[PDB]
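Numbering (my numbering), first residue to last: 327 to 386.
Written out below as structure tokens is the structure these notes cover.
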Ligand code: NI
């Protein structure tokens, strides 16, 4: 709930307004994981927020 972050495994570039662009290695908080495929994430590394593909991250 505040104890866990995820790490980005790969680079991803969004061309949609609601997806997050991020680089591998970024530290991400998962904000909304109600859906299995796409999670709302907040990057602590960039301060940006948006949906990410769930298979692009793993728990840190
Ligand atoms: Ni927590």
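Beta carbons: idealized from backbone N, C-alpha and C, even for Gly.
- Residue 381 carries a helical assignment under DSSP once its states are collapsed to helix, strand and coil.
- Non-local beta-carbon contacts of residue 355 in its own chain, meaning distances under 7 Å to residues more than five positions away in sequence, involve 331, 367, 368 and 370 in chain order.
- Of all residues, those with a beta-carbon under 7 Å from at least one heavy atom of ligand 1 are 327, 328, 329 and 330, reported in chain order.
- Looking at the backbone, the Cα of residue 345 and that of residue 351 are separated by about 18 Å.
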